[PDB]
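Student: This is protein24.cif (mmCIF, C-alpha atoms).
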```
data_my_file
loop_
_atom_site.label_atom_id
_atom_site.label_comp_id
_atom_site.auth_asym_id
_atom_site.auth_seq_id
_atom_site.Cartn_x
_atom_site.Cartn_y
_atom_site.Cartn_z
CA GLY L 1 0.00 0.00 0.00
CA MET L 2 1.02 3.59 -0.66
CA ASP L 3 0.35 4.51 2.98
CA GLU L 4 2.90 2.01 4.31
CA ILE L 5 5.52 3.11 1.76
CA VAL L 6 5.30 6.80 2.69
CA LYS L 7 5.48 6.16 6.43
CA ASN L 8 8.46 3.82 5.99
CA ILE L 9 10.40 6.45 4.03
CA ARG L 10 9.31 9.38 6.21
CA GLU L 11 9.47 7.69 9.64
CA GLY L 12 11.84 4.76 9.12
CA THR L 13 11.16 1.12 9.88
CA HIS L 14 12.56 -1.56 12.17
CA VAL L 15 12.13 -5.11 13.42
CA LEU L 16 13.21 -6.92 16.58
CA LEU L 17 15.10 -10.11 15.76
CA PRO L 18 14.92 -13.10 18.14
CA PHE L 19 17.69 -14.54 20.28
CA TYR L 20 19.10 -18.04 19.71
CA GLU L 21 21.05 -19.67 22.53
CA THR L 22 22.68 -22.06 20.05
CA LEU L 23 25.13 -20.81 17.45
CA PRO L 24 24.71 -22.66 14.14
CA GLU L 25 27.52 -24.89 12.92
CA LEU L 26 30.29 -22.43 12.02
CA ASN L 27 32.43 -22.97 8.93
CA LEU L 28 34.34 -19.85 7.90
CA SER L 29 35.91 -19.54 4.54
CA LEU L 30 37.28 -16.44 2.96
CA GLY L 31 37.34 -15.49 -0.72
CA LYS L 32 33.85 -16.35 -1.99
CA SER L 33 30.48 -15.19 -0.72
CA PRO L 34 27.38 -17.42 -0.92
CA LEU L 35 25.12 -16.79 -3.88
CA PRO L 36 21.55 -15.57 -3.31
CA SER L 37 18.88 -18.26 -3.29
CA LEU L 38 15.11 -18.65 -3.28
CA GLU L 39 15.14 -20.14 0.22
CA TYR L 40 16.77 -16.93 1.49
CA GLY L 41 14.19 -14.77 -0.28
CA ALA L 42 15.80 -13.91 -3.62
CA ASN L 43 13.40 -11.96 -5.83
CA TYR L 44 14.62 -10.49 -9.13
CA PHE L 45 11.52 -8.34 -9.68
CA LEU L 46 11.49 -6.79 -6.21
CA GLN L 47 15.24 -6.57 -5.54
CA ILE L 48 16.98 -6.37 -8.94
CA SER L 49 14.62 -5.50 -11.81
CA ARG L 50 14.46 -1.73 -11.30
CA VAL L 51 18.11 -1.67 -10.21
CA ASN L 52 18.99 -3.21 -13.58
CA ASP L 53 17.10 -0.38 -15.29
CA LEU L 54 19.17 2.33 -13.58
CA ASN L 55 22.31 0.35 -14.43
CA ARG L 56 21.73 0.92 -18.16
CA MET L 57 21.59 4.70 -17.70
CA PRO L 58 24.80 6.69 -18.24
CA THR L 59 26.28 7.78 -14.93
CA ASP L 60 26.60 11.38 -16.15
CA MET L 61 22.81 11.47 -16.42
CA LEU L 62 22.31 9.51 -13.19
CA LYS L 63 24.35 12.10 -11.29
CA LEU L 64 22.28 14.97 -12.71
CA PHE L 65 18.96 13.42 -11.68
CA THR L 66 20.18 12.40 -8.20
CA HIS L 67 22.15 15.59 -7.46
CA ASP L 68 19.50 17.20 -5.26
CA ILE L 69 18.52 14.00 -3.42
CA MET L 70 22.08 12.77 -2.69
CA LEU L 71 22.16 14.27 0.78
CA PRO L 72 24.91 13.47 3.31
CA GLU L 73 24.03 10.25 5.10
CA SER L 74 23.87 10.81 8.87
CA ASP L 75 21.85 7.84 10.15
CA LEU L 76 24.75 6.59 12.29
CA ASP L 77 24.89 9.93 14.11
CA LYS L 78 21.12 9.78 14.60
CA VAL L 79 21.46 6.37 16.27
CA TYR L 80 24.24 7.61 18.56
CA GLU L 81 21.98 10.46 19.70
CA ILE L 82 18.98 8.22 20.45
CA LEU L 83 21.13 5.73 22.38
CA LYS L 84 22.90 8.53 24.33
CA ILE L 85 26.25 7.23 23.04
CA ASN L 86 29.16 9.55 23.84
CA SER L 87 32.14 7.84 22.17
CA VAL L 88 32.51 4.96 19.74
CA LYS L 89 35.40 2.83 18.47
CA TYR L 90 36.12 0.63 15.49
CA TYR L 91 38.93 -1.41 17.10
CA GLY L 92 41.44 -1.30 19.93
CA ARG L 93 41.21 -2.16 23.61
CA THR L 94 43.12 0.74 25.23
CA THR L 95 40.29 3.31 25.01
CA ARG L 96 36.84 3.50 26.56
CA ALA L 97 33.85 3.51 24.22
CA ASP L 98 30.09 3.15 24.58
CA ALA L 99 29.81 1.11 21.37
CA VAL L 100 31.88 -0.67 18.72
CA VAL L 101 31.00 0.37 15.18
CA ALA L 102 31.53 -0.84 11.62
CA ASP L 103 30.44 1.07 8.50
CA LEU L 104 30.39 -1.08 5.35
CA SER L 105 28.13 1.24 3.33
CA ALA L 106 29.30 3.40 0.42
CA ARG L 107 28.68 6.73 2.11
CA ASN L 108 27.60 9.68 -0.07
CA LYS L 109 28.12 7.73 -3.31
CA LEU L 110 25.75 5.82 -5.57
CA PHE L 111 27.83 4.18 -8.33
CA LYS L 112 31.30 2.63 -8.46
CA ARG L 113 32.72 3.81 -11.80
CA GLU L 114 31.75 6.32 -14.46
CA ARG L 115 30.03 4.41 -17.26
CA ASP L 116 28.18 5.28 -20.45
CA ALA L 117 24.71 4.07 -21.42
CA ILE L 118 24.27 0.42 -21.78
CA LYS L 119 22.17 -1.29 -24.36
CA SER L 120 22.58 -4.60 -22.53
CA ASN L 121 25.52 -5.50 -24.56
CA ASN L 122 26.21 -9.23 -24.34
CA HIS L 123 23.06 -9.43 -22.49
CA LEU L 124 25.88 -8.57 -20.08
CA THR L 125 25.29 -6.96 -16.77
CA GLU L 126 27.77 -6.11 -13.96
CA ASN L 127 26.21 -4.03 -11.26
CA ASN L 128 27.73 -0.54 -11.21
CA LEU L 129 25.45 0.71 -8.41
CA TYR L 130 25.81 0.32 -4.65
CA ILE L 131 22.33 -1.25 -4.55
CA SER L 132 21.49 -4.94 -4.03
CA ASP L 133 25.19 -5.84 -4.28
CA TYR L 134 25.80 -8.89 -2.09
CA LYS L 135 29.53 -8.56 -2.86
CA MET L 136 29.64 -5.50 -0.57
CA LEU L 137 29.25 -7.69 2.55
CA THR L 138 32.92 -8.31 3.24
CA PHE L 139 34.36 -10.13 6.25
CA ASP L 140 35.03 -6.87 8.13
CA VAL L 141 31.35 -7.02 9.13
CA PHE L 142 32.70 -9.05 12.08
CA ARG L 143 35.60 -6.73 12.93
CA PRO L 144 33.72 -5.12 15.89
CA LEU L 145 33.89 -8.52 17.62
CA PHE L 146 37.70 -8.68 17.67
CA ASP L 147 38.00 -5.93 20.31
CA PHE L 148 34.55 -6.12 21.91
CA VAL L 149 35.03 -6.08 25.68
CA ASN L 150 32.84 -3.97 27.99
CA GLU L 151 30.97 -1.94 25.36
CA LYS L 152 27.18 -1.76 25.47
CA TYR L 153 26.22 -1.62 21.77
CA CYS L 154 27.48 -3.17 18.54
CA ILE L 155 26.34 -0.89 15.70
CA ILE L 156 26.93 -1.96 12.10
CA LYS L 157 25.65 -0.19 8.99
CA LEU L 158 24.99 -3.00 6.53
CA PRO L 159 25.64 -2.11 2.86
CA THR L 160 22.86 -4.32 1.48
CA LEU L 161 19.87 -6.49 2.37
CA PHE L 162 20.32 -8.74 -0.69
CA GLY L 163 21.75 -12.25 -0.73
CA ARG L 164 22.26 -15.11 1.68
CA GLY L 165 25.35 -13.62 3.34
CA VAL L 166 23.59 -10.78 5.14
CA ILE L 167 20.93 -13.11 6.56
CA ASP L 168 23.57 -15.59 7.76
CA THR L 169 25.48 -12.73 9.39
CA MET L 170 22.39 -11.50 11.26
CA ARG L 171 21.65 -15.05 12.44
CA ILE L 172 25.12 -15.12 14.03
CA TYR L 173 24.65 -11.78 15.79
CA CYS L 174 21.30 -13.03 17.12
CA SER L 175 23.30 -15.65 19.03
CA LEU L 176 26.02 -13.22 20.15
CA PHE L 177 23.59 -10.57 21.46
CA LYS L 178 20.28 -10.98 23.28
CA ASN L 179 18.78 -7.74 21.88
CA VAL L 180 19.24 -7.28 18.12
CA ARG L 181 17.33 -4.78 15.98
CA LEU L 182 17.47 -3.91 12.27
CA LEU L 183 16.93 -0.23 11.41
CA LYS L 184 16.62 1.91 8.30
CA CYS L 185 16.54 5.55 9.41
CA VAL L 186 15.04 8.58 7.68
CA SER L 187 18.44 10.31 7.39
CA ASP L 188 19.77 7.25 5.54
CA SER L 189 19.83 7.07 1.76
CA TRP L 190 16.56 5.67 0.43
CA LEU L 191 18.20 5.11 -2.95
CA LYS L 192 20.26 2.21 -1.53
CA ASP L 193 19.29 -0.92 0.40
CA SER L 194 21.45 -0.09 3.42
CA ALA L 195 20.41 -0.63 7.03
CA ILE L 196 21.75 -0.42 10.59
CA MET L 197 22.00 -3.31 13.05
CA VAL L 198 21.88 -2.29 16.72
CA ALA L 199 22.84 -5.12 19.07
CA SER L 200 23.21 -4.98 22.85
CA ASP L 201 23.32 -7.22 25.94
CA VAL L 202 26.26 -9.30 24.78
CA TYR L 203 26.46 -13.07 25.29
CA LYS L 204 30.16 -13.35 26.11
CA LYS L 205 30.25 -17.13 26.28
CA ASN L 206 29.38 -17.95 22.67
CA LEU L 207 31.10 -14.78 21.49
CA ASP L 208 34.27 -16.54 22.65
CA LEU L 209 33.27 -19.64 20.67
CA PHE L 210 32.78 -17.53 17.53
CA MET L 211 36.08 -15.65 17.91
CA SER L 212 37.86 -18.93 18.68
CA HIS L 213 36.62 -20.32 15.36
CA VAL L 214 37.56 -17.11 13.53
CA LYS L 215 41.04 -16.97 15.07
CA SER L 216 41.71 -20.59 14.09
CA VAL L 217 40.60 -20.10 10.48
CA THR L 218 42.42 -16.78 10.03
CA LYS L 219 45.42 -18.17 11.99
CA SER L 220 45.67 -14.81 13.78
CA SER L 221 44.26 -13.32 16.97
CA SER L 222 44.22 -9.71 15.70
CA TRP L 223 42.39 -8.24 12.73
CA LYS L 224 44.13 -8.32 9.35
CA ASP L 225 43.15 -5.98 6.52
CA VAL L 226 43.94 -8.75 4.02
CA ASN L 227 40.73 -10.42 5.24
CA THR L 228 38.44 -7.59 4.04
CA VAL L 229 37.09 -9.99 1.43
CA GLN L 230 33.96 -11.96 0.61
CA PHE L 231 33.17 -14.94 2.74
CA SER L 232 30.80 -17.63 3.82
CA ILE L 233 30.32 -18.83 7.38
CA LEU L 234 27.31 -21.17 7.55
CA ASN L 235 26.69 -24.45 5.73
CA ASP L 236 23.05 -25.49 6.00
CA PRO L 237 20.31 -22.86 5.57
CA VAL L 238 19.18 -21.15 8.77
CA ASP L 239 15.68 -21.38 10.24
CA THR L 240 12.91 -20.55 7.80
CA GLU L 241 11.23 -18.69 10.66
CA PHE L 242 14.31 -16.48 11.04
CA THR L 243 14.49 -15.90 7.28
CA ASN L 244 10.84 -14.85 7.15
CA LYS L 245 11.48 -12.56 10.13
CA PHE L 246 14.33 -10.93 8.21
CA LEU L 247 12.17 -10.71 5.08
CA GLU L 248 9.42 -8.84 6.96
CA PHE L 249 11.93 -6.02 7.38
CA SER L 250 13.53 -6.67 3.99
CA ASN L 251 10.24 -6.53 2.08
CA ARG L 252 9.26 -3.14 3.54
CA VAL L 253 12.59 -1.68 2.41
CA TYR L 254 12.46 -3.09 -1.12
CA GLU L 255 8.80 -2.07 -1.42
CA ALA L 256 9.78 1.56 -0.84
CA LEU L 257 12.95 1.28 -2.93
CA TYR L 258 10.91 0.07 -5.90
CA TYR L 259 8.72 3.17 -5.74
CA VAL L 260 11.74 5.47 -5.31
CA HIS L 261 13.67 3.86 -8.16
CA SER L 262 10.59 3.74 -10.41
CA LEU L 263 10.19 7.50 -9.99
CA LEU L 264 13.87 8.04 -10.77
CA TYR L 265 13.78 5.75 -13.80
CA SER L 266 10.56 7.29 -15.14
CA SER L 267 12.09 10.76 -14.75
CA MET L 268 15.30 9.83 -16.58
CA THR L 269 13.31 8.17 -19.39
CA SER L 270 10.68 10.93 -19.53
CA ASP L 271 9.50 11.89 -23.01
CA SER L 272 10.01 15.54 -22.01
CA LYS L 273 13.80 15.00 -22.26
CA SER L 274 14.15 17.26 -19.21
CA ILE L 275 14.77 17.05 -15.48
CA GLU L 276 11.64 19.21 -15.09
CA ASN L 277 8.92 16.56 -15.14
CA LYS L 278 6.13 15.11 -13.02
CA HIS L 279 8.20 12.14 -11.83
CA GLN L 280 11.18 14.22 -10.70
CA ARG L 281 8.89 16.57 -8.76
CA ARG L 282 7.36 13.74 -6.73
CA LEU L 283 10.80 12.18 -6.17
CA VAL L 284 12.36 15.39 -4.85
CA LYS L 285 9.23 16.14 -2.80
CA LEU L 286 9.03 12.77 -1.03
CA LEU L 287 12.72 12.70 -0.08
CA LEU L 288 13.69 16.36 0.47
CA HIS L 289 10.54 17.51 2.29
CA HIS L 290 11.45 18.82 5.73
CA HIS L 291 10.17 17.20 8.92
CA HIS L 292 9.22 20.61 10.27
CA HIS L 293 6.78 19.13 12.80
CA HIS L 294 9.75 17.44 14.53
CA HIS L 295 11.90 20.56 14.98
CA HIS L 296 10.04 23.85 14.53
#
```
Mind converting the file's structure to structure tokens?
Tutor:
Amino acid sequence: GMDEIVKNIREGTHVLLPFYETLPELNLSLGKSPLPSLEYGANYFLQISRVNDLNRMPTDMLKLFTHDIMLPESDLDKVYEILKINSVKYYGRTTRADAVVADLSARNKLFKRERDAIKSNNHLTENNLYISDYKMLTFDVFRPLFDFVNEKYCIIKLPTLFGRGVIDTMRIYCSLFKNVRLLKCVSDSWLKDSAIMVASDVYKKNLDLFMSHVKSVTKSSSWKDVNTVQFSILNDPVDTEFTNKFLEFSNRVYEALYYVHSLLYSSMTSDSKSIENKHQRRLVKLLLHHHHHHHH
């Protein structure tokens, strides 16, 4: 419904993930990430189809039509304010911090390389956008755990909600923390499928089991930047109930992203051959309209 889409974009959305006492059978391997699958909720139409349309556009035109709506992403700062977090850290054990943080998103950028228009040209099709790119979920999504000691929160901005890897990663955190929540804030980019995981109330005892497995596979107790690569961690699929719980949040995001990207694509392919069109006006209005009732 259009009512749910508007409120999700204008107010944000979130879900509370459950806690699992048992960690699934861990099997870390670095280099290759698991491919998306139907059991994990892969959906070309909802998650890829409109993204593939924007991929064919030349990036010079994509930058012109997204110039006004590419606002600085500040959803991590918004979370720090709500949680009354004073200081944060990414690593290290010699400083005090309220939370350990990792930011895997592509902040303030939408595409990887400048590229001309594509007439699908071998039927070919590498994704140039930072949207629905499961390759963005590198192994540094677990770096906060290497130096997690007495901190209260583990905050991670996920770069995507697409693929099996992100669901497997959230299943692990739901065994390492007893309070895990997925967030997509208003001040986050609603052109990309990014989100924020907020986890608290750490379960130290199976956190040690996880880090013990990671240290044995990586053959190192400290973090190594050479391991900022793709990976898989779980063998058998996770609970279907947990997948559907993730998809409840995931669907709401991709429902709104489809409307946002359809407006952008209709504006760029408008018969008026201009940025001044009915689609661009609704797109700029929905995203750039001030929340005056929250401040003034």
Student: Quick one: residues within 10 Å of range 199-214 of chain L, only C-alpha atoms counted, chain neighbours fewer than 6 positions away excluded, as a PyMOL selection string?
Tutor: chain L and resi 17+21-23+26-29+99+142+145-146+148-156+172-182+220-221+233
Student: May I have the residues within 9 Å of residue 79 in chain L as a ChimeraX atom specification, using all atoms listed in the file and disregarding those fewer than 4 positions away in the same chain?
Tutor: /L:74-75,83-85,155,185,196,198
Student: Go through L:147, L:98, L:268, L:42 one by one, measure the shortest atom-to-atom distance of each to residue 81 in chain L using only C-alpha atoms, and give the residue with the smallest value.
Tutor: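 Nearest to residue 81 in chain L: L:98.
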Student: Taking 4 positions as the minimum chain separation for residues in the same chain, which residues sit within 7 Å of residue 73 in chain L when counting only C-alpha atoms? Answer as a short mmCIF file (atom, residue, chain, number, x, y, z; two decimals) with C-alpha atoms, in the frame of the given file.
Tutor:
```cif
data_model
loop_
_atom_site.label_atom_id
_atom_site.label_comp_id
_atom_site.auth_asym_id
_atom_site.auth_seq_id
_atom_site.Cartn_x
_atom_site.Cartn_y
_atom_site.Cartn_z
CA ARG L 107 28.68 6.73 2.11
CA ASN L 108 27.60 9.68 -0.07
CA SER L 187 18.44 10.31 7.39
CA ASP L 188 19.77 7.25 5.54
CA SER L 189 19.83 7.07 1.76
#
```
Student: On this file, the PyMOL selection byres ((chain L and resi 169) around 10) gives some set of residues; write that set as number ranges by chain.
Tutor: L: 137, 139, 141-142, 164-168, 170-174, 232-234
